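Q: Protein chains in written order, with my numbering: chain E, 363 to 920; chain P, 15 to 444.
Even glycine gets a Cβ: it sits at the ideal position worked out from N, Cα and C.
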Ligand SMILES: COc1ccc2c(c1)N(C(=O)OC(C)C)[C@@H](CSC)C(=S)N2
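Right, here's the structure in full:
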């Protein structure tokens with residue numbers, strides 16, 4: 363059942379040649395299953411025996427996947443796939459269920475063995491050459507070519523997608539408002555015509571196709587509603603995912619954990635309120651798929667908290683091109699936020715989360731805005747529209763982290779709402795130094811090979827101090843040194859900083875961190891009435907310098 | 015209905031392959047605008063659909079250039095140029111007239127519709143294959159090839175260069191003081207005339223441009239507060255430096271002076287012969303910052319001497335045509351940014367303050383994108399090349415909104431800044 367359509371032109375990558383092999387000699391039983399096989403294939407005119415004259419070859423596999431009644435074969439166009447030219451990949455991802463529409467009735471047609479009909483270019487076929495030798499080398503040259511796009515063959519999937527497109531071209535032209543989608547081996551036909559008035563076009567389709575070389579065994583309209591689309595579970599008016607059974611053990615390896623980590627994420631398109639955070643935080647020690655790991659109490663906390671929602675199934679509505687598209691973002695804490703996209707209030711379109719990670723010390727407003735994009739970017743990747751924004755952030759705190767920040771930023775139609783974890787500015791610094799306030803010339807240091815340092819200060823009224831530190835970074839240290847400095851100050855203070863690094867850290871005003879040290883400063887900052895920092899060149903001249911780095915002296919020679 | 019002219023063979027540089035870029039998905043409003051364009055132009059024999067045997071790709075946008083009414087197409091041929099044109103920069107150079115900058119005022123016209131008339135080399139065309147996006151990855155992208163010379167490409171005017179010269183001839187000798195640079199789809203035109211004379215001296219060129227080949231300058235119309243009537247006239251003779259402002263009265267407090275030495279400390283790698291100790295000494299002590307402590311006798315010298323190295327620098331100004339300029343910008347106030355085009359760090363080639371109003375739409379990204387061009391037409395006008403832009407912005411935020419305020423042809427190369435800069439302080443040049 364060869365098609366009668368304009369084939370597509372393929373050459374192998376310039377310079378390279380088609381493959382030439384010689385297969386592993388096989389016996390009586392293997393050859394019988396293949397002769398028989400190729401004959402009625404040749405019969406459908408899918409292949410053609412050629413002669414000695416064709417140079418190139420490839421091997422055959424005469425498999426049995428399950429151990430069922432119909433023997434079958436296959437050829438691994440391994441070497442050919444190396445050689446053959448490059449194509450415009452069709453596998454350009456997938457369309458996302460959220461953003462699909464509500465097309466009353468729909469059917470899917472299996473175009474599975476619908477490639478073998480599509481004809482190969484008349485010049486390449488020679489390359490697809492394979493030989494069927496016998497047991498007693500009585501007939502060494504029983505070789506066949508390949509007239510249609512073979513199984514696997516780099517371009518097959520690339521081309522078949524193209525041919526078929528030109529194929530439904532007039533039908534999609536005559537029957538306009540019906541709508542076909544295609545991927546792999548599944549055809550989804552859909553309309554807003556009552557079942558029978560729908561089955562027409564499907565049958566019409568089932569025929570049109572038949573006229574073009576390709577069959578579609580489907581029967582009376584074929585398959586309907588419970589849809590296992592690329593994992594996704596879809597229903598004529600709602601979507602979600604179905605088999606998603608993340609279990610548990612008493613001794614897991616990162617191996618299985620990865621999986622656990624995946625599922626949770628996957629399930630994150632739909633189920634409002636999921637996090638992977640802690641379960642993944644621990645993943646860090648990337649050794650082999652043999653090493654095991656102690657699922658912490660923080661991880662199982664989440665491993666269990668997440669199962670509750672995921673315990674009881676949540677639904678997904680479809681897109682309605684007229685209705686408002688919108689989203690608002692809630693913060694799940696630990697730098698984690700959750701967004702929900704909706705048209706009709708409480709009608710769940712889509713949900714997902716933004717977790718600023720693998721790069722510490724980050725500000726909140728900033729993170730708010732970061733996710734907004736995650737959305738902006740995603741809302742176009744699907745609705746080609748920008749969600750109106752319902753966001754938990756006052757205007758005046760925004761107008762400030764808009765005009766405060768350096769990296770320029772932008773946020774479209776956003777509106778204000780209330781919700782407990784309201785975001786905003788806990789603190790801020792000063793621009794001009796404070797009058798009368800005490801002036802603290804801080805300093806730190808460390809043993810560049812001995813692990814220790816000393817944090818401390820000296821105020822302008824002759825207020826000195828130090829605190830010997832250990833197992834610390836020249837950074838941590840010059841950081842820690844500001845905490846003291848902080849502590850031993852009353853209400854409105856002035857700090858003169860040795861370090862760029864920390865000055866920068868404290869410029870941005872971030873917040874939470876596993877580094878209790880940075881946090882501890884935050885709170886100081888948070889409690890102070892007026893904090894003014896200032897900064898000066900280390901080795902050069904940090905003001906009182908001579909004395910400062912000199913009172914913190916241990917081991918140095920300069 | 016056709017008249018086959020003949021082609022100048024375009025071939026692949028240093029063994030490369032053709033660009034296999036990915037198309038940024040885009041608005042539906044815009045995914046419409048591109049079919050409404052590409053088809054009517056597919057009619058016009060300009061463009062054509064290709065099959066799967068062609069894997070090559072390239073970006074397509076959709077702007078509204080002169081104002082708001084109809085859309086414009088645009089292409090990021092940035093990989094093809096980065097492919098071919100570093101051989102068709104040789105084989106087909108188009109030289110930069112260095113008196114370009116020397117002129118009073120430079121205007122520019124989209125004399126780019128003009129290359130649609132030249133057939134493109136059949137055997138090359140495969141490398142101009144673009145694609146048009148579908149909403150939600152449903153339908154397989156609408157895929158076209160280029161039959162003529164793509165208005166995007168850098169290899170185009172290379173070719174049509176010829177006709178450009180031949181077509182300008184009578185003009186060039188009627189008015190010889192005027193120079194013209196054919197950059198991109200750009201006809202850079204400058205003169206030492208009044209803002210009324212060069213303005214006319216231009217249309218004169220427009221008229222000529224219609225007659226002699228119905229090549230066409232798109233109608234000049236828009237009215238921004240900076241009274242842009244007819245003519246996008248950059249005035250290069252306005253090129254004076256005034257960024258690095260020392261505070262007039264700031265040598266009063268410990269703080270001011272504490273600032274004053276740090277600033278002086280950056281300048282140290284720019285003007286290395288900098289003397290600042292006897293100033294620093296003024297603050298060698300752990301003192302209160304709000305303490306009005308006046309200067310020392312010998313300190314004024316270090317301020318004064320260094321305070322006169324400004325009005326006259328040397329060896330910076332050295333451009334290397336075998337290296338690539340880098341522009342880097344940074345935000346400041348509500349509408350005042352800054353850029354520094356160097357090429358080898360601290361070696362400034364050109365600097366400036368992208369201004370704009372206080373009561374105006376303080377949209378960062380309007381400024382940033384619009385800042386960027388302002389850099390660029392100057393970087394063309396002066397060197398005739400595009401700066402690697404080190405951008406103060408989220409990758410994904412820019413990859414989501416430039417296409418909005420980009421009323422320009424060429425899409426200069428770009429990078430985005432990871433860490434913050436101290437530089438901003440007050441107007442400072444890195
Ligand atoms: C219950 O199944 C569905 C429910 C809604 C939709 C679909 C299937 N869609 C589709 O092609 O299915 C996969 C390939 C995504 C398409 C039209 S299919 C005729 C649209 S716009 N909405």
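(1) Are there any heavy atoms of ligand 1 lying less than 8 Å away from the beta-carbon of residue 171 (chain P), as far as the coordinates show?
(2) Does any heavy atom of ligand 1 sit closer than 8 Å to the C-beta of residue 557 (chain E)?
(3) Run down chain P in chain order and give the residues with a C-beta less than 7 Å from the C-beta of residue 514 (chain E).
(4) Out of E:742, E:543, E:515 and E:891, which has the shortest C-alpha to C-alpha gap to residue 849 (chain E)?
(5) Give the straight-line distance between the Cα atoms of residue 233 (chain P) and residue 538 (chain E), rounded to the nearest whole angstrom.
(6) Can you list, in chain order, the residues of its chain whose CB lies under 6 Å from that of residue 861 (chain E), leaving out five sequence neighbours each side?
(7) Please tell me whether, using a cut-off of 8 Å, the distance from the CB of residue 591 (chain E) to the nearest non-hydrogen atom of ligand 1 is below it.
(8) Exposed or buried, what is residue 603 (chain E) when buried is set at 16 or more other beta-carbons lying within 10 Å of its beta-carbon?
(9) Run through DSSP, which three-state label would residue 374 (chain E) get?
(10) Can you give the beta carbon distance from residue 397 (chain E) to residue 421 (chain E), rounded, assuming they're within the 8 Å contact cut?
(11) Please list, in chain order, the residues of the segment 761-775 of chain E that have any C-beta partner in chain P closer than 8 Å.
(12) Mind listing which residues of the segment 339-352 of chain P have their C-beta closer than 8 Å to chain E's C-betas, in chain order?
(13) Cβ of residue 388 (chain P) within 8 Å of any heavy atom in ligand 1?
(14) Expressed to the nearest angstrom, what Euclidean distance is found between the alpha-carbon atoms of residue 189 (chain P) and residue 283 (chain P)?
(15) Indicate whether at least one CB of chain P lies closer than 9 Å to the CB of residue 418 (chain E).
(16) Taking DSSP as the reference, what is the three-state secondary structure of residue 493 (chain E)?
(17) Does at least one heavy atom of ligand 1 sit under 8 Å from the Cβ of residue 124 (chain P)?
(18) Which residues bound the alpha helix (DSSP H) around residue 727 (chain E)?
(19) Here's a check: name, in chain order, each residue in its chain whose Cβ is nearer than 8 Å to the Cβ of residue 186 (chain P), leaving out the five neighbours to either side.
(20) For chain P, is any of its Cβ atoms less than 9 Å away from the one on residue 454 (chain E)?
(21) Would you check if the distance between the CB atom of residue 614 (chain E) and the CB atom of residue 657 (chain E) is smaller than 9 Å?
(22) Quick one: does residue 897 (chain E) have its CB under 9 Å from some CB of chain P?
(23) DSSP on residue 916 (chain E), reduced to helix/strand/coil?
(24) Does residue 594 (chain E) have its Cβ less than 9 Å from a Cβ in chain P?
(25) Can you list the beta strand (DSSP E) stretches of 3 or more residues lying completely in the segment 230-271 of chain P, in chain order?
(26) Identify the residues that DSSP records as bridge partners of residue 61 (chain P): which are they?
(27) Quick one: does residue 9 (chain P) have its CB under 9 Å from some CB of chain E?
(28) In the DSSP output, what is residue 166 (chain P) paired with across the bridge?
(29) Between the beta-carbon of residue 491 (chain E) and the beta-carbon of residue 380 (chain E), is there less than 9 Å?
(30) Residues of the segment 197-223 of chain P with a CB closer than 8 Å to any CB of chain E: list them in chain order, please.
(31) State the Cα-Cα distance for the pair residue 522 (chain E) and residue 453 (chain E), rounded to the nearest angstrom.
(32) Less than 8 Å separating the Cβ of residue 597 (chain E) from some heavy atom of ligand 1?
(33) Which residues bound the beta strand (DSSP E) around residue 857 (chain E)?
(34) Between P:54, P:82, P:41 and P:100, which lies nearest to residue 29 (chain P) when the distance is taken from Cα to Cα?
(35) Hey, which unbroken runs of the beta strand (DSSP E) at 3 residues or more fall wholly within the segment 567-619 of chain E?
(36) For residue 448 (chain E), go through chain P and note every residue whose CB falls closer than 7 Å to its CB, in chain order.
A: Reading it off the structure:
(1) For the purposes of this step, residue 171 (chain P) is taken as the residue at position 157 of the second chain. No, ligand 1 has no heavy atom inside 8 Å of this Cβ.
(2) Here residue 557 (chain E) refers to the residue found at position 195 of the first chain. No, the beta carbon of residue 557 (chain E) sits no closer than 8 Å to any heavy atom of ligand 1.
(3) By 1-based counting over the first chain, the position of residue 514 (chain E) is 152. For residue 514 (chain E), none of the residues of chain P pass the 7 Å Cβ criterion, the least Cβ distance being about 16 Å.
(4) Within the first chain, residue 849 (chain E) is the residue found at index 487, counting from 1. Here the closest residue by C-alpha is E:891.
(5) Within the second chain, numbered from 1, the residue matching residue 233 (chain P) stands at position 219. Within the first chain, numbered from 1, the residue matching residue 538 (chain E) stands at position 176. Between residue 233 (chain P) and residue 538 (chain E), the C-alpha separation is close to 40 Å.
(6) Residue mapping note: residue 861 (chain E) aligns to position 499 of the first chain, counting from 1. The residues are 840.
(7) In the first chain, residue 591 (chain E) corresponds to position 229, counting from 1. In this structure, residue 591 (chain E) has its CB closer than 8 Å to one or more heavy atoms of ligand 1.
(8) Mapped onto the first chain, residue 603 (chain E) falls at position 241. Label assigned to residue 603 (chain E): buried.
(9) Here residue 374 (chain E) corresponds to residue number 12 of the first chain, with the count starting at 1. Here residue 374 (chain E) sits in strand by DSSP.
(10) On the first chain, position 35 is the one that residue 397 (chain E) refers to. On the first chain, position 59 is the one that residue 421 (chain E) refers to. The Cβ separation is near 16 Å, so there is no contact.
(11) Taken in chain order, the members of the segment 761-775 of chain E whose beta-carbon sits within less than 8 Å of a beta-carbon on chain P are 764, 765, 768, 769, 770, 771 and 772.
(12) Result list: 344, 345 and 348.
(13) Against the second chain, residue 388 (chain P) aligns to sequence position 374. Answer for residue 388 (chain P): no, Cβ out of range of ligand 1.
(14) Your numbering for residue 189 (chain P) matches position 175 in the second chain. Your numbering for residue 283 (chain P) matches position 269 in the second chain. The C-alpha of residue 283 (chain P) is placed about 46 Å away from the C-alpha of residue 189 (chain P).
(15) One-based indexing of the first chain puts residue 418 (chain E) at position 56. No, no contact with chain P.
(16) Start at 1 with the first residue of the first chain, and residue 493 (chain E) comes out as number 131. Three-state result, residue 493 (chain E): strand.
(17) In the second chain, the residue the question calls residue 124 (chain P) occupies position 110. Checking the Cβ of residue 124 (chain P) against ligand 1 gives no.
(18) As a first step, residue 727 (chain E) is located in the first chain; it is residue number 365 there, counting from the start. It spans 726-745 - the alpha helix (DSSP H) in which residue 727 (chain E) sits, taken as one unbroken run.
(19) Counting from 1 along the second chain, the entry for residue 186 (chain P) is found at position 172. Closer than 8 Å at Cβ, skipping near neighbours: 192 and 194.
(20) What you label residue 454 (chain E) is simply residue 92 of the first chain in a count that begins at 1. Output row for residue 454 (chain E): interface = yes.
(21) Here residue 614 (chain E) corresponds to residue number 252 of the first chain, with the count starting at 1. Here residue 657 (chain E) corresponds to residue number 295 of the first chain, with the count starting at 1. Yes, they are a contact pair.
(22) Your numbering for residue 897 (chain E) matches position 535 in the first chain. Judged by the 9 Å Cβ criterion, residue 897 (chain E) is in contact with chain P.
(23) In the first chain, residue 916 (chain E) corresponds to position 554, counting from 1. Looking at residue 916 (chain E) - three-state DSSP - the assignment turns out to be coil, as it is neither helix nor strand.
(24) Position 232 of the first chain, counting from 1, holds the residue named residue 594 (chain E). No, no contact with chain P.
(25) none
(26) Against the second chain, residue 61 (chain P) aligns to sequence position 47. The partner list for residue 61 (chain P) (beta bridge, DSSP) reads P:160.
(27) Outside the displayed range of chain P (15 to 444) lies residue 9 (chain P), so it cannot be described from this structure.
(28) Counting from 1 along the second chain, the entry for residue 166 (chain P) is found at position 152. Under DSSP, residue 166 (chain P) takes part in no beta bridge, so it has no partner.
(29) Working through the first chain from its first residue, we reach residue 491 (chain E) at position 129. Working through the first chain from its first residue, we reach residue 380 (chain E) at position 18. Judged by their CB atoms, residue 491 (chain E) and residue 380 (chain E) are nearer to each other than the 9 Å cut-off.
(30) none
(31) Translated into the one-based positions of the first chain, residue 522 (chain E) becomes position 160. Translated into the one-based positions of the first chain, residue 453 (chain E) becomes position 91. So the alpha carbons of these two residues sit roughly 12 Å apart.
(32) What you label residue 597 (chain E) is simply residue 235 of the first chain in a count that begins at 1. Yes, Cβ of residue 597 (chain E) sits closer than 8 Å to a heavy atom of ligand 1.
(33) Reading the first chain from its first residue, position 495 is the one you call residue 857 (chain E). Here the beta strand (DSSP E) through residue 857 (chain E) covers 854-859.
(34) Residue 29 (chain P) sits at position 15 when you count from the first residue of the second chain. The option with the nearest alpha carbon to residue 29 (chain P) is P:100.
(35) 589-591, 594-597 and 600-603
(36) Along the first chain, read from residue 1 onward, the residue named residue 448 (chain E) stands at position 86. Result: 69.
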